[PDB]
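Engineer: Structure file input38.cif (mmCIF, C-alpha atoms) is given on the next line.
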data_target
#
loop_
_atom_site.label_atom_id
_atom_site.label_comp_id
_atom_site.auth_asym_id
_atom_site.auth_seq_id
_atom_site.Cartn_x
_atom_site.Cartn_y
_atom_site.Cartn_z
CA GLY U 1 -1.04 -24.62 -3.80
CA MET U 2 -4.54 -26.12 -3.73
CA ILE U 3 -6.69 -24.65 -0.94
CA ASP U 4 -8.94 -27.05 0.94
CA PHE U 5 -11.78 -24.61 1.67
CA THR U 6 -13.19 -26.84 4.43
CA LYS U 7 -10.04 -25.84 6.42
CA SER U 8 -10.74 -22.08 5.96
CA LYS U 9 -11.16 -21.58 9.75
CA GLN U 10 -7.39 -22.12 10.09
CA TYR U 11 -6.46 -19.75 7.26
CA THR U 12 -5.93 -16.04 6.74
CA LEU U 13 -7.76 -14.14 4.00
CA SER U 14 -6.05 -10.95 2.76
CA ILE U 15 -7.97 -8.46 0.67
CA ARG U 16 -6.45 -5.55 -1.25
CA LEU U 17 -8.84 -2.80 -2.32
CA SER U 18 -7.96 -0.25 -4.95
CA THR U 19 -9.54 1.59 -7.83
CA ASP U 20 -7.28 -0.52 -10.15
CA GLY U 21 -8.82 -3.86 -9.00
CA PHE U 22 -9.29 -6.09 -5.98
CA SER U 23 -6.86 -8.89 -4.98
CA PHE U 24 -7.48 -11.74 -2.62
CA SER U 25 -5.07 -14.29 -1.13
CA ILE U 26 -5.39 -17.18 1.30
CA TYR U 27 -2.46 -17.99 3.60
CA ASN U 28 -2.11 -21.41 5.29
CA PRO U 29 0.11 -21.18 8.41
CA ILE U 30 -0.13 -24.96 9.05
CA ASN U 31 1.86 -26.01 5.96
CA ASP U 32 3.21 -22.43 5.45
CA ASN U 33 2.12 -21.34 1.93
CA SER U 34 -0.03 -18.74 0.09
CA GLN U 35 -2.43 -18.76 -2.84
CA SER U 36 -3.59 -15.74 -4.86
CA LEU U 37 -7.12 -16.90 -4.98
CA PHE U 38 -8.72 -14.26 -7.12
CA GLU U 39 -8.32 -10.98 -9.02
CA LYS U 40 -11.57 -9.02 -9.39
CA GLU U 41 -11.54 -6.41 -12.19
CA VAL U 42 -13.23 -3.18 -10.97
CA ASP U 43 -15.95 -1.48 -12.99
CA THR U 44 -14.67 2.11 -13.01
CA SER U 45 -18.26 3.34 -13.66
CA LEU U 46 -19.36 2.09 -10.20
CA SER U 47 -18.29 3.06 -6.69
CA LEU U 48 -15.85 1.14 -4.51
CA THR U 49 -18.68 -0.14 -2.31
CA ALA U 50 -20.89 -1.17 -5.27
CA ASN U 51 -17.97 -3.14 -6.75
CA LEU U 52 -17.36 -4.74 -3.35
CA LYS U 53 -21.00 -5.77 -2.92
CA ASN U 54 -20.92 -7.30 -6.42
CA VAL U 55 -17.77 -9.39 -5.78
CA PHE U 56 -19.09 -10.63 -2.40
CA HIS U 57 -22.34 -11.63 -4.10
CA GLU U 58 -20.55 -13.45 -6.95
CA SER U 59 -17.76 -15.13 -4.95
CA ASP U 60 -18.37 -18.32 -2.98
CA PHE U 61 -14.94 -18.21 -1.22
CA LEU U 62 -15.44 -14.78 0.50
CA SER U 63 -18.26 -15.87 2.82
CA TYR U 64 -16.40 -18.97 4.24
CA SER U 65 -15.12 -18.39 7.81
CA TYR U 66 -11.41 -17.54 8.14
CA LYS U 67 -9.16 -17.46 11.18
CA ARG U 68 -8.12 -13.92 10.27
CA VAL U 69 -9.05 -11.31 7.71
CA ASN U 70 -6.67 -8.49 6.72
CA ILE U 71 -8.04 -5.60 4.64
CA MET U 72 -5.51 -3.38 2.79
CA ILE U 73 -6.60 -0.01 1.37
CA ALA U 74 -4.51 1.11 -1.62
CA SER U 75 -5.02 4.88 -1.76
CA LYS U 76 -3.17 8.19 -1.74
CA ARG U 77 -5.17 9.22 1.33
CA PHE U 78 -2.63 8.48 4.04
CA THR U 79 -0.25 10.48 6.18
CA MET U 80 2.88 9.30 7.99
CA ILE U 81 3.83 10.67 11.40
CA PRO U 82 6.75 9.58 13.57
CA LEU U 83 5.53 7.59 16.61
CA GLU U 84 7.10 10.04 19.04
CA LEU U 85 4.98 12.82 17.43
CA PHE U 86 1.76 10.80 17.30
CA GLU U 87 -1.20 11.15 19.67
CA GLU U 88 -4.47 9.26 18.97
CA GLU U 89 -6.53 12.29 19.94
CA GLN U 90 -4.71 14.30 17.18
CA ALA U 91 -5.07 11.64 14.36
CA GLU U 92 -8.12 13.12 12.54
CA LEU U 93 -6.82 16.72 12.92
CA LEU U 94 -3.44 15.69 11.47
CA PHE U 95 -5.08 13.83 8.61
CA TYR U 96 -7.36 16.73 7.60
CA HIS U 97 -4.46 19.25 7.77
CA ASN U 98 -2.93 17.09 4.93
CA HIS U 99 -6.02 15.92 2.96
CA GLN U 100 -9.22 17.64 1.85
CA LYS U 101 -12.20 17.05 4.17
CA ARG U 102 -14.66 14.36 3.07
CA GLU U 103 -17.96 13.38 4.73
CA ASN U 104 -18.23 9.67 3.76
CA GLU U 105 -14.74 8.89 5.15
CA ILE U 106 -13.52 7.22 8.35
CA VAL U 107 -9.96 7.91 9.61
CA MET U 108 -7.99 4.92 10.99
CA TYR U 109 -4.35 4.36 11.85
CA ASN U 110 -1.69 1.67 12.05
CA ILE U 111 1.22 1.82 14.46
CA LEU U 112 4.47 0.37 13.05
CA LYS U 113 6.26 -0.19 16.41
CA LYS U 114 9.45 -1.67 14.90
CA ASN U 115 9.79 1.34 12.49
CA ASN U 116 8.74 4.06 14.98
CA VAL U 117 6.07 5.46 12.71
CA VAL U 118 2.31 5.67 12.37
CA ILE U 119 0.29 5.66 9.18
CA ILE U 120 -3.04 7.56 9.46
CA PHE U 121 -5.37 6.60 6.58
CA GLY U 122 -8.86 7.15 5.25
CA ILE U 123 -11.39 4.54 4.22
CA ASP U 124 -14.76 5.10 2.58
CA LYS U 125 -17.42 4.74 5.33
CA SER U 126 -19.90 2.75 3.20
CA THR U 127 -17.02 0.35 2.40
CA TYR U 128 -16.04 0.07 6.09
CA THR U 129 -19.67 -0.56 7.18
CA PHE U 130 -20.05 -3.28 4.62
CA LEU U 131 -16.76 -4.99 5.54
CA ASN U 132 -17.39 -4.72 9.30
CA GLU U 133 -20.74 -6.51 8.75
CA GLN U 134 -19.03 -9.39 6.88
CA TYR U 135 -15.99 -9.48 9.20
CA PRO U 136 -16.49 -8.02 12.66
CA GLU U 137 -12.83 -8.72 13.68
CA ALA U 138 -11.06 -7.82 10.40
CA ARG U 139 -7.80 -5.93 10.71
CA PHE U 140 -7.66 -2.80 8.50
CA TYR U 141 -4.41 -1.49 7.03
CA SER U 142 -3.20 1.19 4.77
CA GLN U 143 -1.32 -0.52 1.92
CA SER U 144 1.60 1.70 3.02
CA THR U 145 1.87 -0.16 6.38
CA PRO U 146 3.15 -3.55 5.11
CA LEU U 147 5.08 -1.80 2.29
CA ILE U 148 7.09 0.30 4.77
CA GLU U 149 7.86 -2.70 6.97
CA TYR U 150 8.99 -4.71 3.95
CA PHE U 151 11.01 -1.94 2.27
CA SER U 152 12.59 -0.95 5.63
CA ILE U 153 14.19 -4.43 5.83
CA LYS U 154 15.20 -4.45 2.15
CA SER U 155 16.85 -1.02 2.48
CA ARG U 156 19.48 -2.28 4.96
CA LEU U 157 21.51 -4.08 2.21
CA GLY U 158 24.21 -1.61 1.00
CA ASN U 159 25.29 1.78 2.41
CA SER U 160 23.17 3.84 0.01
CA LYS U 161 19.88 5.67 0.71
CA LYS U 162 16.95 4.15 -1.12
CA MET U 163 13.77 5.37 -2.73
CA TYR U 164 11.05 2.71 -3.28
CA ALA U 165 8.25 3.80 -5.63
CA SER U 166 5.05 1.76 -5.97
CA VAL U 167 3.35 2.90 -9.15
CA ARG U 168 -0.45 2.68 -9.38
CA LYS U 169 -2.69 3.71 -12.28
CA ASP U 170 -3.55 7.20 -10.87
CA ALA U 171 -0.80 7.69 -8.27
CA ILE U 172 2.77 6.97 -7.24
CA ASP U 173 3.49 5.99 -3.58
CA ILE U 174 7.04 6.97 -2.54
CA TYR U 175 8.89 5.49 0.46
CA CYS U 176 12.43 6.67 1.26
CA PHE U 177 14.98 5.13 3.62
CA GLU U 178 18.39 5.41 5.20
CA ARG U 179 19.65 2.13 6.75
CA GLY U 180 16.16 0.98 7.63
CA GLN U 181 14.94 4.42 8.94
CA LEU U 182 11.92 5.79 7.13
CA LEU U 183 12.69 9.33 5.91
CA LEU U 184 9.47 9.98 3.95
CA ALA U 185 6.21 8.30 2.92
CA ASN U 186 3.83 10.15 0.58
CA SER U 187 1.63 9.61 -2.43
CA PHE U 188 1.15 11.90 -5.44
CA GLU U 189 -1.64 11.94 -7.97
CA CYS U 190 -0.26 11.26 -11.42
CA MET U 191 -1.47 9.41 -14.49
CA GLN U 192 1.43 9.70 -16.98
CA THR U 193 5.08 9.42 -17.40
CA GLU U 194 5.91 13.17 -17.19
CA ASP U 195 4.05 13.53 -13.82
CA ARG U 196 5.51 10.35 -12.39
CA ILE U 197 9.05 11.55 -13.18
CA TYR U 198 8.21 15.00 -11.84
CA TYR U 199 7.34 13.72 -8.38
CA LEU U 200 10.18 11.17 -8.21
CA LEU U 201 12.71 13.88 -9.01
CA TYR U 202 11.04 16.39 -6.69
CA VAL U 203 11.38 14.02 -3.73
CA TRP U 204 14.92 13.07 -4.74
CA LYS U 205 15.97 16.74 -4.60
CA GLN U 206 13.92 17.42 -1.44
CA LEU U 207 15.75 14.68 0.50
CA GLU U 208 19.12 15.62 -1.04
CA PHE U 209 19.63 12.13 -2.45
CA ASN U 210 22.98 11.59 -4.19
CA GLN U 211 22.51 11.13 -7.95
CA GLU U 212 25.50 8.67 -8.12
CA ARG U 213 25.28 6.66 -4.84
CA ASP U 214 21.56 6.49 -3.92
CA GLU U 215 19.03 4.14 -5.49
CA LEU U 216 15.57 4.21 -7.01
CA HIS U 217 13.60 0.93 -6.96
CA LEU U 218 10.35 0.77 -8.96
CA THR U 219 7.43 -1.62 -8.74
CA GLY U 220 3.77 -1.78 -9.88
CA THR U 221 1.89 -0.60 -12.97
CA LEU U 222 4.82 0.41 -15.19
CA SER U 223 3.14 1.62 -18.37
CA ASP U 224 5.33 3.46 -20.89
CA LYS U 225 8.34 1.82 -19.21
CA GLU U 226 10.90 2.68 -21.92
CA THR U 227 10.14 6.43 -21.72
CA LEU U 228 9.97 6.41 -17.95
CA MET U 229 13.36 4.64 -17.56
CA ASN U 230 15.12 6.70 -20.26
CA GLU U 231 14.18 9.96 -18.53
CA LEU U 232 14.86 8.83 -14.97
CA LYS U 233 18.31 7.43 -16.00
CA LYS U 234 19.44 10.90 -17.09
CA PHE U 235 19.36 11.99 -13.43
CA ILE U 236 19.43 8.81 -11.28
CA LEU U 237 22.35 6.62 -12.12
CA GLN U 238 21.16 3.59 -10.03
CA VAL U 239 17.57 2.74 -11.13
CA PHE U 240 16.07 -0.78 -10.78
CA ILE U 241 12.81 -2.60 -11.53
CA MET U 242 12.03 -4.66 -8.49
CA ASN U 243 11.43 -8.39 -8.44
CA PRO U 244 8.49 -8.97 -8.27
CA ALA U 245 7.47 -6.28 -10.81
CA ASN U 246 3.86 -6.34 -9.53
CA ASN U 247 1.73 -7.31 -6.53
CA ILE U 248 4.54 -6.68 -4.00
CA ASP U 249 1.81 -5.73 -1.40
CA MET U 250 0.83 -9.36 -0.61
CA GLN U 251 4.50 -10.39 -0.62
CA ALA U 252 5.00 -7.49 1.83
CA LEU U 253 1.90 -8.35 3.92
CA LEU U 254 3.07 -12.01 4.05
CA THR U 255 6.57 -11.10 5.36
CA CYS U 256 5.17 -9.31 8.50
CA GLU U 257 3.00 -9.84 11.60
#
Please go through the file and, once you have read it, give me the structure as structure tokens.
Structural biologist:
Amino acid sequence: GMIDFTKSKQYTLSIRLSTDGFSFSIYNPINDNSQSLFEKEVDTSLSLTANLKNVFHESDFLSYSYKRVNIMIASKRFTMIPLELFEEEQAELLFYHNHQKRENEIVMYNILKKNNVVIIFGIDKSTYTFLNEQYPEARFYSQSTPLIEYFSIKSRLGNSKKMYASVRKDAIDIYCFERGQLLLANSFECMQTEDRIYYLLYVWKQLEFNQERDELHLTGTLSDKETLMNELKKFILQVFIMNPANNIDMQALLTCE
């Protein structure tokens, strides 16, 4: 899908930020197609903001003008609240009653009107300041926002409850559903197979999922897959590796408004 960069003013740039790497895609609504334009490997010895400044300096495509710029923050620092329980004035209070206080952090939120939920999420302030300078009208999202919208729709096929787990290098993001209704959205810090299984099974038991009927769908960084699947299969009889097995975020972000 060759991008004509001189037409960038008609296109949408989507940027995914995480400690595991940065992803960029350009979406053309005129001919209706996407292009994963670049994958920037992050230097784990530098901060998020320092990595960002480096990639903006090195990349000619990022400073073209786009019609729209979406920024997705992949992080465990988010909290879901049902829309009927959400009040803007309570957003920061709610967030800090679930996450440790942090001075260089800004709290934002996305309303998912169709799903009746709100995702309150943190973003590093230095990172926000830098991105707001480059893109004054960028739209900021928690990675959980498009994932919930996407998984909500996928969960309607079949009369089973569904657990969707997006595995990242240092965390697992868990999204549970019953016929399109979000039951739970949370992230747990974990690096290895034993911890990943621990949280998946904890949530399964917490939500009283049926070991025979209900389903676990996995996507993302699936290291030590054989061990992970062998252990999960002892308890969850319906376990699947989603298609695509990686980068579902952009697929998700592309399916929604």
Engineer: What's the separation between atom CA of residue 135 of chain U and atom CA of residue 53 of chain U, in Å to one decimal place?
Structural biologist: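 One can read the atom CA of residue 135 of chain U to atom CA of residue 53 of chain U distance as 13.6 Å.
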Engineer: Can I get the residues of segment 173-230 of chain U within 10 Å of segment 154-161 of chain U, each with the closest pair of atoms and their distance in Å to one decimal, using all atoms listed in the file, sorted chain first then ascending number, as a tab-separated table?
Structural biologist:
residue	atom	partner	partner_atom	distance
U:176	CA	U:161	CA	7.5
U:177	CA	U:161	CA	5.7
U:178	CA	U:161	CA	4.7
U:179	CA	U:156	CA	4.8
U:180	CA	U:156	CA	5.4
U:181	CA	U:155	CA	8.7
U:182	CA	U:155	CA	9.6
U:183	CA	U:161	CA	9.6
U:207	CA	U:161	CA	9.9
U:209	CA	U:161	CA	7.2
U:210	CA	U:161	CA	8.3
U:212	CA	U:160	CA	9.7
U:213	CA	U:160	CA	6.0
U:214	CA	U:161	CA	5.0
U:215	CA	U:161	CA	6.4
U:216	CA	U:161	CA	9.0
Engineer: Nearest to residue 68 of chain U among U:10, U:34, U:116, U:90, with distances taken over all atoms listed in the file: which residue is it?
Structural biologist: U:10
Engineer: Near residue 235 of chain U, within 9 Å and counting only C-alpha atoms, which residues show up once chain neighbours fewer than 3 positions away are dropped, as a list in words?
Structural biologist: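 Non-adjacent residues within range: residues 201, 211, 212, 231 and 232 of chain U.
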Engineer: Can you spell out as a PyMOL selection string the set of residues that the PyMOL selection byres ((chain U and resi 92) around 10) selects in the structure I just provided?
Structural biologist: chain U and resi 88-91+93-97+106-109+120-122
Engineer: Evaluate the PyMOL selection byres ((chain U and resi 30) around 12) here and jot the selected residues down as a JSON list (two decimals) with C-alpha atoms, keeping the file's coordinate frame.
Structural biologist:
[["chain", "number", "residue", "atom", "x", "y", "z"],
["U", 3, "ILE", "CA", -6.69, -24.65, -0.94],
["U", 7, "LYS", "CA", -10.04, -25.84, 6.42],
["U", 8, "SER", "CA", -10.74, -22.08, 5.96],
["U", 9, "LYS", "CA", -11.16, -21.58, 9.75],
["U", 10, "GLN", "CA", -7.39, -22.12, 10.09],
["U", 11, "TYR", "CA", -6.46, -19.75, 7.26],
["U", 12, "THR", "CA", -5.93, -16.04, 6.74],
["U", 27, "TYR", "CA", -2.46, -17.99, 3.60],
["U", 28, "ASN", "CA", -2.11, -21.41, 5.29],
["U", 29, "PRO", "CA", 0.11, -21.18, 8.41],
["U", 31, "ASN", "CA", 1.86, -26.01, 5.96],
["U", 32, "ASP", "CA", 3.21, -22.43, 5.45],
["U", 33, "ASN", "CA", 2.12, -21.34, 1.93],
["U", 34, "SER", "CA", -0.03, -18.74, 0.09],
["U", 67, "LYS", "CA", -9.16, -17.46, 11.18]]
Engineer: Given the file shown, enumerate the residues that the PyMOL selection byres ((chain U and resi 256) around 8) captures and present them as a ChimeraX atom specification.
Structural biologist: /U:146,149-150,252-255,257
Engineer: Quick one: everything within 9 Å of residue 82 of chain U, counting all atoms listed in the file, minus sequence neighbours fewer than 6 positions away in the same chain. Send it as a PyMOL selection string.
Structural biologist: chain U and resi 115-119
Engineer: Which of these residues is nearest to residue 206 of chain U, using all atoms listed in the file: U:20, U:2, U:184, U:168?
Structural biologist: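 Checking each candidate against residue 206 of chain U, we get U:184 as the closest.
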Engineer: Quick one: residues within 12 Å of residue 55 of chain U, all atoms listed in the file, excluding same-chain residues fewer than 3 positions away - as a short mmCIF file (atom, residue, chain, number, x, y, z; two decimals) with C-alpha atoms, keeping the file's coordinate frame?
Structural biologist:
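The resulting file, out-v6.cif, is reproduced below:
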data_model
loop_
_atom_site.label_atom_id
_atom_site.label_comp_id
_atom_site.auth_asym_id
_atom_site.auth_seq_id
_atom_site.Cartn_x
_atom_site.Cartn_y
_atom_site.Cartn_z
CA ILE U 15 -7.97 -8.46 0.67
CA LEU U 17 -8.84 -2.80 -2.32
CA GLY U 21 -8.82 -3.86 -9.00
CA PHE U 22 -9.29 -6.09 -5.98
CA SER U 23 -6.86 -8.89 -4.98
CA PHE U 24 -7.48 -11.74 -2.62
CA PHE U 38 -8.72 -14.26 -7.12
CA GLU U 39 -8.32 -10.98 -9.02
CA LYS U 40 -11.57 -9.02 -9.39
CA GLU U 41 -11.54 -6.41 -12.19
CA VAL U 42 -13.23 -3.18 -10.97
CA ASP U 43 -15.95 -1.48 -12.99
CA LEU U 48 -15.85 1.14 -4.51
CA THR U 49 -18.68 -0.14 -2.31
CA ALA U 50 -20.89 -1.17 -5.27
CA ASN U 51 -17.97 -3.14 -6.75
CA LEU U 52 -17.36 -4.74 -3.35
CA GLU U 58 -20.55 -13.45 -6.95
CA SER U 59 -17.76 -15.13 -4.95
CA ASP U 60 -18.37 -18.32 -2.98
CA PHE U 61 -14.94 -18.21 -1.22
CA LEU U 62 -15.44 -14.78 0.50
CA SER U 63 -18.26 -15.87 2.82
#
Engineer: Given the choices U:64, U:175, U:202, U:86, which gets closest to residue 5 of chain U if the distance is worked out from all atoms listed in the file?
Structural biologist: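 Smallest distance to residue 5 of chain U is found for U:64.
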Engineer: Set the distance at 8 Å and use all atoms listed in the file: which residues neighbour residue 141 of chain U once local chain neighbours fewer than 6 positions away are removed? I'd like the list as a list in words.
Structural biologist: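 Within the cut-off, the hits are residues 70, 71, 72, 73, 109 and 110 of chain U.
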Engineer: Could you jot down the atom CA of residue 111 of chain U to atom CA of residue 189 of chain U separation for me, Å, one decimal place?
Structural biologist: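 Pair atom CA of residue 111 of chain U / atom CA of residue 189 of chain U returns 24.8 Å.
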Engineer: Measure the distance from atom CA of residue 200 of chain U to atom CA of residue 221 of chain U in Å and round it to one decimal.
Structural biologist: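 Rounded to one decimal, the two atoms are 15.2 Å apart.
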Engineer: For residue 131 of chain U, which residue out of U:241, U:45, U:56, U:248 is the nearest one, using only C-alpha atoms?
Structural biologist: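 Looking at the shortest contact to residue 131 of chain U, the residue is U:56.
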Engineer: For segment 132-153 of chain U, which lacks atoms in the input, supply N, CA, C and O atoms and format the output as a compact mmCIF listing (two decimals), in the frame of the given file.
Structural biologist:
# COMPACT_ATOMS: atom_id res chain seq x y z
N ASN U 132 -17.22 -4.44 7.88
CA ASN U 132 -17.39 -4.72 9.30
C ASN U 132 -18.58 -5.67 9.53
O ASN U 132 -18.57 -6.47 10.46
N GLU U 133 -19.60 -5.60 8.67
CA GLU U 133 -20.74 -6.51 8.75
C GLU U 133 -20.31 -7.92 8.37
O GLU U 133 -20.71 -8.87 9.02
N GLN U 134 -19.48 -8.06 7.32
CA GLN U 134 -19.03 -9.39 6.88
C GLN U 134 -17.98 -9.95 7.84
O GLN U 134 -18.02 -11.12 8.15
N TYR U 135 -17.06 -9.10 8.30
CA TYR U 135 -15.99 -9.48 9.20
C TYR U 135 -15.83 -8.58 10.40
O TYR U 135 -14.97 -7.65 10.40
N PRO U 136 -16.58 -8.87 11.47
CA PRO U 136 -16.49 -8.02 12.66
C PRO U 136 -15.11 -7.87 13.29
O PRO U 136 -14.90 -6.84 13.95
N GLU U 137 -14.19 -8.82 13.09
CA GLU U 137 -12.83 -8.72 13.68
C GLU U 137 -11.72 -8.55 12.63
O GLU U 137 -10.55 -8.84 12.89
N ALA U 138 -12.07 -8.07 11.44
CA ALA U 138 -11.06 -7.82 10.40
C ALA U 138 -10.05 -6.78 10.86
O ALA U 138 -10.39 -5.89 11.66
N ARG U 139 -8.81 -6.92 10.39
CA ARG U 139 -7.80 -5.93 10.71
C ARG U 139 -7.66 -5.08 9.46
O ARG U 139 -7.48 -5.60 8.34
N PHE U 140 -7.76 -3.76 9.64
CA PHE U 140 -7.66 -2.80 8.50
C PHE U 140 -6.30 -2.12 8.43
O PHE U 140 -5.83 -1.60 9.45
N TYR U 141 -5.71 -2.12 7.23
CA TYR U 141 -4.41 -1.49 7.03
C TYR U 141 -4.38 -0.61 5.83
O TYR U 141 -5.09 -0.84 4.88
N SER U 142 -3.55 0.41 5.91
CA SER U 142 -3.20 1.19 4.77
C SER U 142 -2.26 0.26 4.03
O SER U 142 -1.49 -0.49 4.67
N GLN U 143 -2.27 0.28 2.70
CA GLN U 143 -1.32 -0.52 1.92
C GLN U 143 0.12 -0.10 2.27
O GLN U 143 1.04 -0.93 2.25
N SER U 144 0.30 1.18 2.61
CA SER U 144 1.60 1.70 3.02
C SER U 144 2.21 1.02 4.26
O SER U 144 3.44 0.95 4.37
N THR U 145 1.38 0.50 5.15
CA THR U 145 1.87 -0.16 6.38
C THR U 145 2.77 -1.40 6.10
O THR U 145 3.96 -1.39 6.49
N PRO U 146 2.25 -2.45 5.44
CA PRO U 146 3.15 -3.55 5.11
C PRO U 146 4.28 -3.15 4.14
O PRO U 146 5.34 -3.74 4.21
N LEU U 147 4.05 -2.20 3.23
CA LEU U 147 5.08 -1.80 2.29
C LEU U 147 6.29 -1.18 3.02
O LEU U 147 7.43 -1.52 2.73
N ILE U 148 6.02 -0.33 3.99
CA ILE U 148 7.09 0.30 4.77
C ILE U 148 7.85 -0.72 5.57
O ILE U 148 9.08 -0.70 5.56
N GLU U 149 7.15 -1.66 6.21
CA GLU U 149 7.86 -2.70 6.97
C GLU U 149 8.78 -3.54 6.06
O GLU U 149 9.93 -3.85 6.40
N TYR U 150 8.25 -3.92 4.92
CA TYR U 150 8.99 -4.71 3.95
C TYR U 150 10.19 -3.94 3.37
O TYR U 150 11.32 -4.42 3.36
N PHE U 151 9.94 -2.75 2.84
CA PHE U 151 11.01 -1.94 2.27
C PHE U 151 12.06 -1.51 3.33
O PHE U 151 13.24 -1.42 3.02
N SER U 152 11.65 -1.29 4.56
CA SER U 152 12.59 -0.95 5.63
C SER U 152 13.68 -2.03 5.73
O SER U 152 14.86 -1.73 5.80
N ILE U 153 13.27 -3.29 5.69
CA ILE U 153 14.19 -4.43 5.83
C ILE U 153 15.06 -4.54 4.58
O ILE U 153 16.28 -4.68 4.70
